[PDB]
Amino acid sequence: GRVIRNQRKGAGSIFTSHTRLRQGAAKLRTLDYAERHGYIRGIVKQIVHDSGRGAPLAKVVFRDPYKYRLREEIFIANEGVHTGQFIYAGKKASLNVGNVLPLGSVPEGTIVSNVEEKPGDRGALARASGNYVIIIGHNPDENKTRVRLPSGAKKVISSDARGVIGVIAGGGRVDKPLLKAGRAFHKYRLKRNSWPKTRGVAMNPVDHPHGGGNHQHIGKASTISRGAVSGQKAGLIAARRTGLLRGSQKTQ
Amino acid sequence: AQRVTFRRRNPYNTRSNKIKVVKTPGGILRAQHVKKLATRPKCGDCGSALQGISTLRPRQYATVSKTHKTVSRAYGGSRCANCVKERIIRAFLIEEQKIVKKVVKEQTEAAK
Amino acid sequence: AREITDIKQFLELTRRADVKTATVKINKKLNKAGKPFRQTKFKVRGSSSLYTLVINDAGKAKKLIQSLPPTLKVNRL
Amino acid sequence: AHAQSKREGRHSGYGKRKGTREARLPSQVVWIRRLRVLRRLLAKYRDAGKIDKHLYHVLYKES
Amino acid sequence: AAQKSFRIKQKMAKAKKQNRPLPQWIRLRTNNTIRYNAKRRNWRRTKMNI
RNA sequence: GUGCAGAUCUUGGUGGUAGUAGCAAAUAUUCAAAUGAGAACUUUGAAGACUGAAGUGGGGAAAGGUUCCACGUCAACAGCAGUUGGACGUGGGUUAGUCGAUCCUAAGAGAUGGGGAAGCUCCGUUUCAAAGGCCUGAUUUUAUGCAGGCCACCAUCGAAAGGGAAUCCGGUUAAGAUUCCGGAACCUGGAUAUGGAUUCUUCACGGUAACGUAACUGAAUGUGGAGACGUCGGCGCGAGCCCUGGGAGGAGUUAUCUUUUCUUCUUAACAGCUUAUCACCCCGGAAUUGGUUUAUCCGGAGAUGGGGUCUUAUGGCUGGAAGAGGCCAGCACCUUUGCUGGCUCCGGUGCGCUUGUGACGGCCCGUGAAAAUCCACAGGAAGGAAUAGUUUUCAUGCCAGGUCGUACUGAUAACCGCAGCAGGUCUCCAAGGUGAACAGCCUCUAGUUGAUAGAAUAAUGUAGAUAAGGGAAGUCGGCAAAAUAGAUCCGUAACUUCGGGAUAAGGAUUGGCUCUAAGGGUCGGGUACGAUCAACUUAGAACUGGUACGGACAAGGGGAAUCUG
Ligand SMILES: [Mg+2]
Ligand SMILES: [Mg+2]
Ligand SMILES: [Mg+2]
Ligand SMILES: [Mg+2]
Ligand SMILES: [Mg+2]
Ligand SMILES: [Mg+2]
Ligand SMILES: [Mg+2]
Ligand SMILES: [Mg+2]
Ligand SMILES: [Mg+2]
Ligand SMILES: [Mg+2]
Ligand SMILES: [Mg+2]
Ligand SMILES: [Mg+2]
Ligand SMILES: [Mg+2]
Ligand SMILES: [Mg+2]
Ligand SMILES: [Mg+2]
Ligand SMILES: [Mg+2]
Ligand SMILES: [Mg+2]
Ligand SMILES: [Mg+2]
Ligand SMILES: [Mg+2]
Ligand SMILES: [Mg+2]
Ligand SMILES: [Mg+2]
Ligand SMILES: [Mg+2]
Ligand SMILES: [Mg+2]
Ligand SMILES: [Mg+2]
Ligand SMILES: [Mg+2]
Ligand SMILES: [Mg+2]
Ligand SMILES: [Mg+2]
Ligand SMILES: [Mg+2]
Ligand SMILES: [Mg+2]
Ligand SMILES: [Mg+2]
Ligand SMILES: [Mg+2]
Ligand SMILES: [Mg+2]
Ligand SMILES: [Mg+2]
Ligand SMILES: [Mg+2]
Ligand SMILES: [Mg+2]
Ligand SMILES: [Mg+2]
Ligand SMILES: [Mg+2]
Ligand SMILES: [Mg+2]
Ligand SMILES: [Mg+2]
Ligand SMILES: [Mg+2]
Ligand SMILES: [Mg+2]
Ligand SMILES: [Mg+2]
Ligand SMILES: [Mg+2]
Ligand SMILES: [Mg+2]
Ligand SMILES: [Mg+2]
Ligand SMILES: [Mg+2]
Ligand SMILES: [Mg+2]
Ligand SMILES: [Mg+2]
Ligand SMILES: [Mg+2]
Ligand SMILES: [Mg+2]
Ligand SMILES: [Mg+2]
Ligand SMILES: [Mg+2]
Ligand SMILES: [Mg+2]
Ligand SMILES: [Mg+2]
Ligand SMILES: [Mg+2]
Ligand SMILES: [Mg+2]
Ligand SMILES: [Mg+2]
Ligand SMILES: [Mg+2]
Ligand SMILES: [Mg+2]
Ligand SMILES: [Mg+2]
Ligand SMILES: [Mg+2]
Ligand SMILES: [Mg+2]
Ligand SMILES: [Mg+2]
Ligand SMILES: [Mg+2]
Ligand SMILES: [Mg+2]
Ligand SMILES: [Mg+2]
Ligand SMILES: [Mg+2]
Ligand SMILES: [Mg+2]
Ligand SMILES: [Mg+2]
Ligand SMILES: [Mg+2]
Ligand SMILES: [Mg+2]
Ligand SMILES: [Mg+2]
Ligand SMILES: [Mg+2]
Ligand SMILES: [Mg+2]
Ligand SMILES: [Mg+2]
Ligand SMILES: [Mg+2]
Ligand SMILES: [Mg+2]
Ligand SMILES: [Mg+2]
Ligand SMILES: [Mg+2]
Ligand SMILES: [Mg+2]
Ligand SMILES: [Mg+2]
Ligand SMILES: [Mg+2]
Ligand SMILES: [Mg+2]
Ligand SMILES: [Mg+2]
Ligand SMILES: [Mg+2]
Ligand SMILES: [Mg+2]
Ligand SMILES: [Mg+2]
Ligand SMILES: [Mg+2]
Ligand SMILES: [Mg+2]
């Protein structure tokens, strides 16, 4: 039979990201002298819409400490930051929405976005519109910090790892119904070519494990093992449970 | 009732192919191609069209004399007056308060 | 490409360097409302430009015509 | 000749009409004309002082 | 076409030249065999594929 | 490599079929002359029509490649013909500093230090690399070694619709033209000298300000701007087209009628002065809130008002430039072909049409490229005058601008479909009437009049129409056909997610002609009105006809349910 749809995506032909209009990668400043000893000041020169993104970017310019020139950065904008505002980044820096501080330097309950996984990676976690992470504790010996990510997971990372105070802007985007095919259409038009989706059960056997039969139906359990091999994994992969989730979610 | 043709190989209505109709001394109608319109230069501080400055397509600015490219105040062909007004007042008051900031913490060190 | 109203500036041009040829044009035209009169345009060919002075007064014309440098090539009509 | 009789209000009956009243003469066109004429009267009555700016302002919003 | 490369224009020229009837004096040579030009070509019958 | 009747045998040749099927889509032809051996088919004149500016008109892109043009010419070819041709023979023809390529970057493609792979090669593109070159100074052996300081930007290819230095009008050829000729410009590069400006207060003054200008030094470095950007809506304005008054010409009709019908009356790039919605400055200090758009937005973060500043889209006058071009008359004569004249003037109108553009508004989990390149500002390195210096962003002047494409078709015959195939194949310009209209139908300009022909009009057909009484009884089934239809007015059910259902359903009216009424612009009013000019809309009223009138064209059948998405 045929190579199924989820196998063809990895070869990246018609499936690569539609990148032309994007403002450029959002990152924190490089972690340098200023940021790990002192603080350094910047101005948000603009806050701007990035294509295929939920949340606005903020263009933030700084002075180059080692050379006379301006150096401009692209930040994900936290809700409430504004044009003309001064941004402070460094180990010793006041605790205010929009500033970037090492996770060690903020008290528990602090709310931060675009937080680094390792120190220096210029931010990894909690970048999507509406999201943040909460600092749930410190271990000053071995200087770690325990945080809770948007997924509900709780991870422990270096207290040197930087984050930015506040939550990411443009929240509530997903509360509004798309209402029609076209709105979805233009949505994925600026992301990648994932839409619309043919059901495997509407296909012929060559095309898909679910394909075929004189009635539409899966024909065997749609829960597939991790051990499964490419061309086998479609449906519910490695599911530990299945069915309507009753009762409260929200991990203890 | 007299119709007209493009004067160049390019058959299509692209922005570089903009056309105008003109009556000649031959007494007949004829197309003449038209360069895209130039846009007014903008203040770097705010972004209004800055007054006093002539508006040409970028390379034509090299064919014109310097008075068309400036106004007589500092930051002339660059910033918008009222913007320059601000960075004067701001500069001054900040450079002042900078004195106020030093002598106050000069005493704070001495009495504490 | 250029027009001149200064009868002094004009003569200066006619004696300048690069200027070899020239031409004088005569036009019948009407004055104000009722009657006609005789217009004459003095055209001087400069290297990059053709200067033309229009003398509406018939008198200044004849006077101006002889004032022309004798070594200048002039085309009549 | 025909154009003349039309100036005389001829060949205008209901049997001579194919486009709708709107398509023939849009409402908005009619209104914009009117509201501009009213707007234009108030302004000159104020400028001449025939009407005082307070009465004008009222008539403006009522227009 | 109608705005060409020189390369194409060149081939077009060699093509023009090759299009003529057999020069008749050849027919008179000793042991002449060629009767007519057998490679003749026409723009509405065979296309020359660039 | 030895014997054929066969193998739906192989190649070639040939029959009956048969002078048979046929050569019937795209409205359409006709009279005469000329030419010629020969004319239904060529050329010319006439007539009848057509395409009807959403073209059968005028050009291009892909593609073709000489099909373009002239002369000669009919063996084959153009499924009749042929004197004709996109055929045959022989020649001629494509002119650029400004139009394109060329330059830039897009998706993308792809060398290099490298890392894989037995290897053809695969991966990577700034990636674990000692990755390169500008500005001038140091030379007065001299030609370019070293002295600074930068820049670490790290190939290149990739758009004849993206970005982009700069040209127009008239004339001209058998066939070329924004390319030639004539005149008049502009750009870029290289040289430069005179004039002006500037300076003894060295690197200009003026204006309260917005900002003004003929100029008015400015290295490294840095920063800003232009290039540079969606879509729809109404409103404002420009251009060309459309409509139209007076006059000055030429043409048509004139039994009768028409101060009539048709037509000419034009002005390029470029340059000077001038012209703008928006924006901004100065004075002033606002409730009795005011200003104000078609569209409700603005003001103590300074409105309304008065006075000014700016962009120059765009228009006006003048230069170009009447000398050109257009239209007439009056003479000349085998010719090349002239010559002489006159006139080419002044207005009006707009929900018009196309297109351009402005200030606004609507929309988005869509917010609608990049690079070359050009300019500016911050900075102040440095270089500079009184016995004479600085200036080429002001004026004028000198030299130069290479290589390749440039014909023509662009389609019911120049491309692809075996072809001169009823198919397919990207796009610009767009007149008058009727009408809501880029609809249909008729017309002007331009272009066509191509598609074998003649004679008859049996059956059966294809395509177009009509039928008394009945009215789906026909059929698997109302298939096919018929009915309906524009617009104004009246009137409109169940049900419903309250948005709909709805043009529901059901009704009346509609020509011609002659009147009445309502609806606007502009100017002077001391610190009630008058005068003038220019527009089809809407309603109402008489008269009139073989009761007709969305008179052709154009133009929904409706209702009650079931299944189902
Ligand atoms: Mg990608
Ligand atoms: Mg898809
Ligand atoms: Mg699905
Ligand atoms: Mg699906
Ligand atoms: Mg299926
Ligand atoms: Mg399978
Ligand atoms: Mg299975
Ligand atoms: Mg199945
Ligand atoms: Mg199922
Ligand atoms: Mg052309
Ligand atoms: Mg467009
Ligand atoms: Mg100016
Ligand atoms: Mg200026
Ligand atoms: Mg300075
Ligand atoms: Mg309305
Ligand atoms: Mg008015
Ligand atoms: Mg109001
Ligand atoms: Mg072939
Ligand atoms: Mg081949
Ligand atoms: Mg043998
Ligand atoms: Mg044998
Ligand atoms: Mg046998
Ligand atoms: Mg045999
Ligand atoms: Mg046999
Ligand atoms: Mg046998
Ligand atoms: Mg046989
Ligand atoms: Mg026969
Ligand atoms: Mg027959
Ligand atoms: Mg047939
Ligand atoms: Mg015929
Ligand atoms: Mg004929
Ligand atoms: Mg017709
Ligand atoms: Mg039509
Ligand atoms: Mg052509
Ligand atoms: Mg023959
Ligand atoms: Mg043929
Ligand atoms: Mg034949
Ligand atoms: Mg024949
Ligand atoms: Mg030939
Ligand atoms: Mg030839
Ligand atoms: Mg060019
Ligand atoms: Mg080149
Ligand atoms: Mg490679
Ligand atoms: Mg290239
Ligand atoms: Mg290009
Ligand atoms: Mg282009
Ligand atoms: Mg010409
Ligand atoms: Mg020639
Ligand atoms: Mg031609
Ligand atoms: Mg020339
Ligand atoms: Mg010249
Ligand atoms: Mg130069
Ligand atoms: Mg001066
Ligand atoms: Mg820049
Ligand atoms: Mg920019
Ligand atoms: Mg673009
Ligand atoms: Mg030009
Ligand atoms: Mg004012
Ligand atoms: Mg003033
Ligand atoms: Mg002005
Ligand atoms: Mg209106
Ligand atoms: Mg926008
Ligand atoms: Mg500029
Ligand atoms: Mg100069
Ligand atoms: Mg060179
Ligand atoms: Mg041509
Ligand atoms: Mg043809
Ligand atoms: Mg072909
Ligand atoms: Mg065809
Ligand atoms: Mg006309
Ligand atoms: Mg036929
Ligand atoms: Mg026929
Ligand atoms: Mg027949
Ligand atoms: Mg019959
Ligand atoms: Mg009948
Ligand atoms: Mg019957
Ligand atoms: Mg009945
Ligand atoms: Mg019945
Ligand atoms: Mg029966
Ligand atoms: Mg029955
Ligand atoms: Mg049935
Ligand atoms: Mg029925
Ligand atoms: Mg039917
Ligand atoms: Mg009937
Ligand atoms: Mg119903
Ligand atoms: Mg009536
Ligand atoms: Mg009236
Ligand atoms: Mg049923
Ligand atoms: Mg459906």
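Counting begins at 1 with the first residue displayed.
According to its header, the structure was obtained by X-ray crystallography, 3.0 Å.
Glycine is no exception: its Cβ is also placed from the backbone N, Cα and C atoms.
Record features, source Swiss-Prot:
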CROSSLNK  A:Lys45  ubiquitin cross-link
MOD_RES   A:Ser51  phosphoserine
CROSSLNK  A:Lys92  ubiquitin cross-link
MOD_RES   A:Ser94  phosphoserine
CROSSLNK  A:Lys118  ubiquitin cross-link
CROSSLNK  A:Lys144  ubiquitin cross-link
MOD_RES   A:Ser158  phosphoserine
MOD_RES   A:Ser159  phosphoserine
MOD_RES   A:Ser248  phosphoserine
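Annotated features, which come from Swiss-Prot, shown on the structure.
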{"residue": "A:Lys45", "record": "ubiquitin cross-link", "CB count, 10 Å": "14"}
{"residue": "A:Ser51", "record": "phosphoserine", "CB count, 10 Å": "13"}
{"residue": "A:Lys92", "record": "ubiquitin cross-link", "CB count, 10 Å": "12"}
{"residue": "A:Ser94", "record": "phosphoserine", "CB count, 10 Å": "9"}
{"residue": "A:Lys118", "record": "ubiquitin cross-link", "CB count, 10 Å": "10"}
{"residue": "A:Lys144", "record": "ubiquitin cross-link", "CB count, 10 Å": "19"}
{"residue": "A:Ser158", "record": "phosphoserine", "CB count, 10 Å": "18"}
{"residue": "A:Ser159", "record": "phosphoserine", "CB count, 10 Å": "19"}
{"residue": "A:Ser248", "record": "phosphoserine", "CB count, 10 Å": "5"}
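Distances between the Cα of A:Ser159 (phosphoserine) and those of the recorded positions A:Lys45, A:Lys144, A:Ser248 are shortest for A:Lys144.
When the C-alpha distances from A:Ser158 (phosphoserine) to the recorded positions A:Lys45, A:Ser51, A:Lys92, A:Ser94, A:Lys118 are tabulated, the minimum falls on A:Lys118.
Of all the recorded positions listed here (A:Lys45, A:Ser51, A:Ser94, A:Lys144, A:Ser248), A:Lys144 has the Cα closest to the Cα of A:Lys118 (ubiquitin cross-link). Using Cα positions, the member of the recorded positions A:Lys45, A:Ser51, A:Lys92, A:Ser94 nearest to A:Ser248 (phosphoserine) is identified as A:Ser51.
If you compare Cα positions, A:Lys45 (ubiquitin cross-link) sits closest to A:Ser51 out of the recorded positions A:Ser51, A:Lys92, A:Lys144.
The CA atom of A:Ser94 (phosphoserine) is located 21 Å away from the CA atom of A:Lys144 (ubiquitin cross-link).
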